[PDB]
Amino acid sequence: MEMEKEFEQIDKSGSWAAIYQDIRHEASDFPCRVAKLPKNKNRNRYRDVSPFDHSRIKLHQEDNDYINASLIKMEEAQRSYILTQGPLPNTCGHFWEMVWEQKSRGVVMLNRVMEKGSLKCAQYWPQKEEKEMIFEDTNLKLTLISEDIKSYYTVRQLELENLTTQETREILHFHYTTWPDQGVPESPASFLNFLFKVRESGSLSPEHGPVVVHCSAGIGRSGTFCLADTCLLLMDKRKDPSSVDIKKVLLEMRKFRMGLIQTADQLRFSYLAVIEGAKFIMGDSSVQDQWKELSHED
Ligand SMILES: [Mg+2]
């Protein structure tokens, strides 16, 4: 703020850690009473990552409305996201229920099922057309319709059906497969190429429910993705890159879910992504093709 001048200053002084720790210190603290109820213990993947009560997504069921998911409602930018953990073997039904009830068109997955030798996410979508999934608890059917596999991400068309009404919806699944846990994308280009693929699909548009974004905990990689997207949208409103204060935007997001952006290098990457993305916002449409080439997506 102005972001590029600030970036160079932080870099020169090597103060990313300090800047980041300051963000952690200033971040909102709100209760997560529901997340911590004994009955919800097996609905949380990580003991120390919980949705705030005020912003949690409620499932539309009388039995137990709890899922570890938060609505990030960015008022100034006029965009909302649902950030959630990687579903557990017992919460895959809840996950798709949330997708249905919230009217989401897209799901953005930023992790792999196995990372660092451990299971980070349930296999919550079908990998083969002929082997659809039925979630008996929430009465939903999920079918793989097609997939487009690129070098570092895959886009799937899924059909989600409410078996109670027989209504069906197409859900687009955007799976980034090369973003390491507690790490950063290979380049601003690869990240932005993917973000713009999600944008171009219509998944982020106001006529749909909020896009669902997740990684393993739904805070580190998910937070980075949403921060970059929101900053670029804010810039787009006024065509005024200088008006965007990335740290303030992140603090605003953290009012809705804890721990968004998990490392100083993820914060630094967010600046890189927004600064590079600004080229497109400010009218250099050709830069999108450059990102595609540099991403080596195939
Ligand atoms: Mg086959």
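This next bit is on the UniProt feature "domain: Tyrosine-protein phosphatase" in the protein chain. According to UniProt, the "domain: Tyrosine-protein phosphatase" feature falls on residues 3-277. Between the C-alpha atoms that bound residues 3-277 the distance is 12 Å, and the span itself is 32% helix and 23% strand.

In total, this model carries 18 salt bridges according to the counting rule given. Put simply, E167 and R169 hold a salt bridge, and the shortest N to O gap is 3.1 Å. On the basis of relative accessibility, which here comes to 18%, the residue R169 falls in the buried class. The salt bridge involving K255 is made with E252; its shortest N-O contact spans 2.8 Å. With relative accessibility at 36%, the residue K255 sits in the partly exposed group.

So, on to the UniProt feature "active site" in the protein chain. UniProt marks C215 with the feature "active site", using the numbering shown here. Residue classification places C215 among the buried positions, given a relative accessible area of 2%. Residues contacting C215, with those up to four places away along its chain left out, are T84, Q85, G86, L110, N111, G220, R221 and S222.

What follows is about the sheet that holds strand β7 (residues 133-135). Spatially, 9 strands are ordered β1-β2-β3-β11-β4-β10-β9-β8-β7 in an open sheet, and the strand pairing comes out mixed. Both edges of this open sheet fall to β1 (56-58) and β7, since each of them pairs with a single strand only. With direction set aside, neighbouring strand axes in the sheet form an average angle of 30°. Where strand β3 (residues 79-84) meets strand β11 (residues 211-214), 4 bridges bridge the pair, whose relative direction is parallel. The partner of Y81 across the bridge, within β11, is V211. Sheet contacts for helix α5 (residues 220-238): β2 (66-74), β3, β4 (106-109) and β11; angle to β3, the most-contacted strand, approximately 175°.

Moving on to the packing of aromatic side chains. Per the stated rule, a full pass over the model turns up 20 aromatic pairs. Ring geometry for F196 and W291: centres 5.3 Å apart, planes at 55°, overall tilted. Of this pair, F196 sits in helix α4 (residues 188-200) while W291 sits in helix α8 (residues 287-295); the two residues are 95 residues apart in sequence, bridging distant segments of the chain. Judged by its relative accessible area of 4%, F196 is buried. Joined through ring pairs, the aromatic side chains of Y152, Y153, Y176, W179, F191, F194, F225 and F269 make up one cluster. In this arrangement the basic side chain of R169 is found over the ring face of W100, its NZ or CZ atom lying 3.7 Å from the centre.

For the rest of this paragraph, the subject is the packing of α4 against α8. Interhelical geometry of α4 versus α8 gives an angle of 120° and a closest axis separation of 8 Å. With respect to α8, the element α4 is oriented oblique. Helix-helix and strand crossings are classified by hand; for α4 and α8 the assignment is left-handed. Listed contacts from α8 to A189, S190, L192, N193, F196 and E200 of α4 are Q288, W291, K292, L294 and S295. In the contact of α4 with α8, the residues fall into 5 nonpolar, 4 polar and 2 charged.

Another point: the packing of α5 against helix α6 (residues 246-253). When two helices pack together, their arrangement is given by the angle between the helix axes and the distance between those axes. Packing of α5 against α6 brings their axes to within 10 Å, and their N-to-C directions diverge by 120°. Viewed along their axes, α5 and α6 adopt a mutual orientation that is oblique. Between α5 and α6 lies a crossing whose hand is right-handed. Here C226, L227, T230, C231 and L234 of α5 come into contact with α6, specifically with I246, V249, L250 and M253. Among the residues forming the contact of α5 with α6, the class breakdown is 8 nonpolar, 1 polar and no charged.

In this section: the nonpolar core. By size, the foremost hydrophobic cluster in this structure holds 65 residues, and its most contacted members are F194 and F225. Discounting chain neighbours no more than four positions away, the residues touching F225 are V108, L110, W179, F191, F194, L195, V198 and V213. Counting residues in each nonpolar core, the second largest holds 26 residues, with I57, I82, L140 and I171 among its members.

This next bit is on the side chain of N68. The residue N68 is located in strand β2 in this model. For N68, the side chain forms a polar contact with the side chain of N44, separated by 2.9 Å. Here the side chain of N68 touches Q85 through a polar contact of 3.4 Å, side chain to side chain. With near-sequence residues (within four places) excluded, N68 lies in contact with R43, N44, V49, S50, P51, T84, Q85 and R257.

Definitions and cut-offs
Residues numbered from 1 in each chain as written, not as in the entry; some residues may be left out. Heavy atoms only, no water. UniProt positions renumbered as here; feature names shortened; annotations may be inferred. Helix = DSSP H or I, 4+ residues; strand = E, 2+ residues; numbered from the N terminus. Salt bridge = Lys/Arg side-chain N within 4 Å of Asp/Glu carboxyl O. Buried < 20%, exposed > 50% of the residue type's maximum accessible area, 1.4 Å probe, protein only. Contact = heavy atoms within 4.5 Å. Pairing = 2+ DSSP bridges. Axes fitted to C-alpha atoms, helices over the stretch in contact; angles between N-to-C directions. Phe/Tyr/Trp six-rings, centres within 6.5 Å; stacked < 30°, edge-to-face > 60°. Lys NZ or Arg CZ within 6 Å of the ring centre and 35° of its normal. Parallel < 35°, antiparallel > 145°, perpendicular 65-115°, else oblique. Left-handed = near helix turned anticlockwise from the far one by under 90°. Nonpolar A, V, L, I, M, F, W, Y, C, P; charged D, E, K, R; others polar. Core = buried A, V, L, I, M, F, W, Y, C linked by side-chain atoms within 4.5 Å. Polar contact = N/O pair within 3.5 Å; in protein donor to acceptor, adjacent residues only side chain to side chain.

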